[PDB]
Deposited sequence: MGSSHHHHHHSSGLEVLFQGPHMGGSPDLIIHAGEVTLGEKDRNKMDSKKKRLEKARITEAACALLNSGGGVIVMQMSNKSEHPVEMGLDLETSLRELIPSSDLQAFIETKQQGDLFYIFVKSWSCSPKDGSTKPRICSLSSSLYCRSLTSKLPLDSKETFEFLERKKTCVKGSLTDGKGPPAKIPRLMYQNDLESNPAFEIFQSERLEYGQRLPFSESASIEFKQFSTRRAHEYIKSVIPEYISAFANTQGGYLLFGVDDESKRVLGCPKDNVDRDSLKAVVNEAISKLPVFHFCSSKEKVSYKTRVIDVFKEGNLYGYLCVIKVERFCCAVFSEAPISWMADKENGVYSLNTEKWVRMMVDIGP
C-alpha cells in the first residue's frame, strides 16, 4: 500500500508525456480556507506556473501529493480555480482542465491551447493609462493592443497644462496646484521610504502606461487628497542621483518594436527645488514621457512554457510577442 501507479484506470488511449510534479499541495476549499496564508500563495503560484506552461506547450498533466491526504476533497478549491480560469482567455476552464484524485495523488490535466490570443499568461506585464482600472491588460485587452500597434505601422505633451510646473525653476512648500489627477497627470507622494527606492517601484508601471497612451507627466512629491506640493527632504538626495535613478529605472523597461526604429522610450526628467521659506526644504521630481512607436513593458511578461529537455522556463520579452500574435 501507499503506492499509486501513475494513471490507473480502464482508459487505454495514449497517455500524456509532458507531466509536471508540484510536490506537496493541500486541496479542498475547507482545508485551504484556514491554512497558512504564506503556504497558500506558494502552492497557488506553483500550480499556475505549471498549468500555464502546459497550455502553451501542447497539453500535459500536473501531478502532486496531498498534504491533507485522508479527506479526498475531489475539488480543486476556489483560489486555485479562479487563478487557472483567469489564465484561459475564454474562461472556459471546464473545457481545458480535468481533475482526477487517486488515493495519495491528485492530477490536474491541462489541454493544449493551440480573433483570440495565442498564448496564456499569468500577467501581460504591459499597462495602459486607463482611468477605469490600473490593472495590467488581461488576455483580451492585451491581444487587441499588440495587433493594433502592429497594423498601424504595417504638441499635446507641450500644450497640456502640466508643462508650466514641469517648467518651474522653483516651487514653494504647501502651494496648492491647479491640475488634478487626469489621464495625463499622475500624483505620487513620498513616504518614510527612501526617495530612490519609492521612485524605482513606481516608475515601471506608470511610465510604461504613459508611453502606450499619448504620453503624460509623472509628478513625485504631491499629495493626492490635499493636492499640495510637499516633495521629499533635500538632505539625503541630490539632483544627479534622482535623475540617475530614473534613467536606470527607465532603461530596464523592455520594449518590442513592430517597426524598423529601435528607439527606446524617450522622456525628460526634471528635479524642481521646493523651498520651505527661504530655505531649501527638498525636491519635487517630474517626468515627461513621450508616446511610443510600439510597446513598452513594465517588466518581462509573466508567462511560462515547459519542455522535457528545457524544463519549465520563462519567455523572453520579444518572442513572447511573436508567440502572442501573427508578426
Where does the model skip over parts of the deposited sequence? 1 to 11, 126 to 132, 173 to 191, 365 to 366
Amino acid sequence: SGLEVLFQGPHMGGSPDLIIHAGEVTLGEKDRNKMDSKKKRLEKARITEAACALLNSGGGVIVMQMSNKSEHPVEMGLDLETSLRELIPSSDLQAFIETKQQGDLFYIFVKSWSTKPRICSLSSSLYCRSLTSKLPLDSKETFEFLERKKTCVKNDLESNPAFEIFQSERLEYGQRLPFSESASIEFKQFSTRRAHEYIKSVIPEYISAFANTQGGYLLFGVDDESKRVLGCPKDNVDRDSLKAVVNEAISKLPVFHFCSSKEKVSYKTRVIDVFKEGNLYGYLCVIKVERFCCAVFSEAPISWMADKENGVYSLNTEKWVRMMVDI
From here on, numbers count along this sequence of modelled residues.
When mean C-alpha B-factors in the record are compared for 126 to 134 and 202 to 210, the larger belongs to 126 to 134
Comparing 211 to 219 with 191 to 199, which has the greater mean CA B-factor as deposited? 211 to 219
According to the Cα B-factor stored in this entry, which of the following is highest: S112, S121, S251, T115? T115
Using the temperature factors in the entry, find which of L105, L78, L230, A244 has the highest value at its Cα atom. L78
Chain-wide C-alpha B factor ranking for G278, given as lowest, middle or highest third: highest
Relative to the other modelled residues in the chain, which third contains the C-alpha temperature factor of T99: lowest, middle or highest? lowest
If you rank the chain by CA B-factor, which third does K319 end up in: lowest, middle or highest? middle
Where the record places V25 (Cα B-factor, split into thirds across the chain): middle
Split the chain's modelled residues into thirds by Cα B-factor; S298 lands in the lowest
